[PDB]
Amino acid sequence: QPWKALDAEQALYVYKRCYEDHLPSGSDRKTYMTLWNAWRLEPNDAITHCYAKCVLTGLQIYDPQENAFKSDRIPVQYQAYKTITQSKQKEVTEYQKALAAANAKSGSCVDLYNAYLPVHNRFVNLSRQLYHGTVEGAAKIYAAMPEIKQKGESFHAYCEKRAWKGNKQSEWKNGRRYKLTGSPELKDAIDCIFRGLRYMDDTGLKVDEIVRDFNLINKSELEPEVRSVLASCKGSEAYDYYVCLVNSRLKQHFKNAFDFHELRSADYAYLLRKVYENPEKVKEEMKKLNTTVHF
Ligand SMILES: CCCCC/C=C\C\C=C/C=C/C=C/C[C@@H](O)CCCC(=O)O
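Residues numbered from 1 in each chain as written, not as in the entry; some residues may be left out. Heavy atoms only, no water. Residues with missing side-chain atoms left out of burial classes, pairs and counts.

What the entry reports as its method is X-ray crystallography, with 1.4300 Å given for the resolution.

(A) Molecular detail of the domain arrangement of the protein. In terms of domain boundaries, the protein breaks down into domain 1 (1–149) and domain 2 (150–295). Between domain 1 and domain 2, the C-alpha centre-to-centre distance is 28 Å. Every contact between the two is made by 18 residues of domain 1 and, on the other side, 16 residues of domain 2. Summed over both sides, the interface of domain 1 with domain 2 buries roughly 1700 Å², with 52% coming from carbon and sulfur. If you look at where domain 1 meets domain 2, you find four salt bridges. Here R212 makes a salt bridge to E20, at a shortest N to O gap of 2.9 Å. Secondary structure elements with two or more residues in the side of domain 1 that touches domain 2: helix 1 (8–22) and helix 2 (28–37). (Domains from an automatic or database assignment. Contact = heavy atoms within 4.5 Å. Buried area = accessible area lost by both parts, 1.4 Å probe. Salt bridge = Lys/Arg side-chain N within 4 Å of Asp/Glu carboxyl O. Helix = DSSP H or I, 4+ residues; strand = E, 2+ residues; numbered from the N terminus.)

(B) Focus on the pattern of salt bridges. In this structure the tally under the stated criterion is 20 salt bridges. Here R17 and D21 are joined by a salt bridge, their closest N and O atoms 2.8 Å apart. With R17 and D21 both in helix 1 and four residues apart, the pair spans about one turn of that helix. Classification of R17 by relative accessible area gives buried; the value is 15%. On the basis of relative accessibility, which here comes to 40%, the residue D21 falls in the partly exposed class. A salt bridge links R195 to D202, with the shortest nitrogen-to-oxygen separation between them at 3.1 Å. Given a relative accessible area of 37%, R195 falls into the partly exposed group. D202 sits in the exposed class, given a relative accessible area of 75%. (Buried < 20%, exposed > 50% of the residue type's maximum accessible area, 1.4 Å probe, protein only.)

(C) Focus on the UniProt feature "binding site: leukotriene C4" in the protein. Mapped onto the present numbering, the UniProt feature "binding site: leukotriene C4" falls at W39, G133 and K151. Along the chain, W39 falls in the loop between helix 2 and helix 3 (46–58). Contact partners of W39, with chain neighbours within four places excluded, come to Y15, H120, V124, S127, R128 and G133. When you line up the elements, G133 lands in the loop between helix 6 (109–130) and helix 7 (135–144). Aside from chain neighbours lying at most four places away, what touches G133 is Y15, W39 and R128. (UniProt positions renumbered as here; feature names shortened; annotations may be inferred.)

(D) Highlighting the packing of aromatic side chains. Taken as a whole and judged by the stated rule, the model has 22 aromatic pairs. Ring centres of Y242 and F258 lie 5.8 Å apart, and the angle between their planes is 45 degrees; this geometry places the pair in the tilted category. Of the two residues, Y242 is situated in helix 12 (residues 238–246) and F258 in helix 13 (residues 251–266); the sequence distance between them amounts to 16 residues. The class of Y242 is buried, set by a relative accessible area of 0%. Classification of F258 by relative accessible area gives buried; the value is 0%. Here the aromatic cluster, defined as three or more aromatic residues joined through ring pairs, consists of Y178, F194, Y199, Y239, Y242, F254 and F258. Here the guanidinium or amino end of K16 rests over the ring plane of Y268, the centre of that ring lying 4.7 Å away. Between the NZ or CZ atom of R198 and the centre of the ring of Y13, over which it lies, the distance is 3.8 Å. (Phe/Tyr/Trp six-rings, centres within 6.5 Å; stacked < 30°, edge-to-face > 60°. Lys NZ or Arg CZ within 6 Å of the ring centre and 35° of its normal.)

Here it is in structure tokens:
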């Protein structure tokens, strides 16, 4: 439309969300994480198969609507960061071509895993350069592109910095609160945050993502109320939904869910080993990072 390359934060989001959605719980967690951290598509079972599908989909190498590997996106991803990665054009073309040969078949987890596996085995190092899959390589991207939300920085803090960048004092100067002012700066900050938390994207509202945040604070029973509050909200801007949630019977639960996501948005590894404890613990953890917490 044309296709837009993914930055380091966008790639990190894909990796961490796929870990969250595919890592097993219990003793098996460490085993899979050790292999996947090393970029090994092992073991050869359904857990890894669907993890692979998740990452291919998130990096937009696989398109689920077309059920197709999108070979021509690889050179686009390369071109966007080539001065930083120093990846070789010859190898990029070879990677593109290997993807063009790949057969998605049904698009099932195993079909995509089987098709992608030899491509991965051949081009793993290049793929980690192109898609910001090394700590050192990603660091170069953040250093060259200060406009990307950094690791350790919450979306709320990143967005605050860009919403209040003039003479007017930030509404969150003493710490972020839930005061509803309807100011242009607050509306901007909230739009930036909703997009950063994947509550909204270019296709609009993601009701399921907001529900996920309530599930993550152990409030699964509130799902129908979360859906109802969003559904009855007049207006379709991020700020409108935020106002609807804050002014509803869900108020305190939303604050807890949104605050927990602030923490998680600063530390993309947070859930990958820790679970939700309580609001006071969240606040203490946020003090260690670049967040909008009260000190
Ligand atoms: C490039 C397409 C790969 C599709 C195959 C599916 C998964 C690849 C395997 C493992 C991925 C592990 C991702 C770990 C995240 C890590 O690489 C992020 C490093 C950057 C950072 O931590 O700052």
